[PDB]
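Structure first, commentary second.
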Ligand SMILES: O[C@@H](Cc1cccc(Cl)c1)Cn1cncn1
Ligand SMILES: O[C@@H](Cc1cccc(Cl)c1)Cn1cncn1
């Protein structure tokens, strides 16, 4: 029992972190097989970041200008190429610590672990969700660029995020491992609008199921609702509309607890309309949306 | 910017996890050098756990009864001994993945990362505090015994906790790596009183400093207080009394923000007496006490 905001064990990812320096700029790179992936803005100076012409800036760079160090070991760069907003530096040595891995583009509302790094050195690991507006609310300081987000399925690391930028609002933006930004963001020092965000309804319901499993039941009521009625309330409170696909994904939790998904929706409707009345759920005084139904099942069954 | 409940990178600890089986019971062990540490209750059956005579149960066990497996590798046990509530199984092979490490007994109110494991396999990592009453509010299911808590200082892992038990209240209890329980707990299936818990005042103030650093400032007011006056409020609200030693540890945060410790205490006094008024601080709707002043500085400066 007990329910915590748990990150995946980061060991397999720590083994891939390297420091990449180009000119005056140092950030983090991900060394998988004989390729090092890093944000393309490693080739910029401060004057370049207003509106960088990345193609022109990269043309002034040669393989020997990219300094890649994996702690002690210096990697020899034998090729470089830009793919979207990432650079791929081919090195002459395959990383001996390369785990089984995939590159995946996660959907908004999905969660992942971030291994925050500085100068190629891991500093901490935390779990977070990709917001519906494609930002993440992380903990990143200057130098954290190139830190990655990931999930693990037994022995396979699915890398889903590489950190690029902090928006003037303090929220974070980055790309998949092919260098495509999540959301409308561009890698420029420019004020950029993040869309209107919403609360991830399916995750809040998954979390209410985790609360019932772990003994927090005070919010359960004698009511039920419909998808239509619940969605009117979700609309008023800036929650994502609930679909049958979300109800379907909650099936295992519904079956385990015996609480029909629409009955949990009526508990969620009452919490939205009434608040928590100074009480808590799993140590939180607000409705938590950073646990997916999969995260709840995984944690409640002890998956390794 | 951004502030998250961050755990240490778990890689160095994942390399030490093993599975230990004795009879019908399997739990986790920590393999450091040529010794495997695990909870002594690995030698019990369900009938034994009401009031185990550990000395007698261990006398029926030989080195060959302790099955230690590090994933694929089977360790040969050449010695066994009980120290307090832990067993030390001497093995014939030093763990090649043994990091630089120390065994430390942490103080109540200090924080650490837990690597939750099942059958010797890491499942997740989360940060938590040792409550003032020596319990931890973790996420542990049956089979998680032997999972450890730790901190890292550059390349040194200080192991501070080994998980043993879940109390009937759903809170968790364990020992230091010498097998001494934190708190009054015994390793028996018996209802056991945890002391009255309090909120870790110094940590809440550290967290209010992290909030000001990261842009959440709404709670700052035009007031100040004294240690005596603040401690009357801390008393009413079951907060730990604040001492000059706590004010001293907050010195760096006070210097960085320019907010005198007693002025932050007046903000904390007003939040205790008035609540949050439906607002949040660093994404929380309650006063967070799981970040020490050291954790706040480390996170706000990007220490690796
Ligand atoms: O925002 C980053 C620098 C930068 C500026 C503008 C655009 C880009 Cl792609 C990068 C630094 N940073 C990342 N997390 C916290 N700080
Ligand atoms: O409580 C543990 C079993 C047990 C019972 C009684 C005493 C002891 Cl020392 C061990 C199982 N467990 C640990 N975390 C979650 N579940």
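Since chain B takes its numbers from Swiss-Prot, the residues it shows come out as 3264-3567.
Just so you know, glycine gets a Cβ as well, placed from its N, Cα and C.
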Feature ubiquitin cross-link, as given in Swiss-Prot - residue among B:3353, B:3532: B:3353
Packing count at residue B:3304 (active site, for 3CL-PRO activity) (other Cβ atoms within 10 Å of its Cβ): 24
Of B:3268, B:3353 (the recorded sites), the residue whose Cβ has the fewest other Cβ atoms within 10 Å: B:3353
Interface-proximal recorded positions, chain A, C-beta separation under 8 A, candidates B:3268, B:3304, B:3353, B:3408: B:3268
Residue B:3304 (active site, for 3CL-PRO activity): nearby recorded positions from B:3268, B:3353, B:3408, Cα cut-off 10 Å: B:3408
CB within-chain contacts under 8 A for residue B:3408 (active site, nucleophile), separation at least 6: B:3290, B:3291, B:3301, B:3302, B:3304, B:3305, B:3426, B:3427, B:3428
Annotated recorded positions B:3268, B:3304, B:3353, B:3408, filtered by Cβ under 6 Å to ligand 2: B:3304, B:3408
Collapsed DSSP category at residue B:3268 (ubiquitin cross-link): coil
Mapped DSSP class for residue B:3353 (ubiquitin cross-link), helix or strand or coil: strand
Residue pair residue B:3353 (ubiquitin cross-link), residue B:3268 (ubiquitin cross-link) - Cα distance, angstrom, rounded: 36
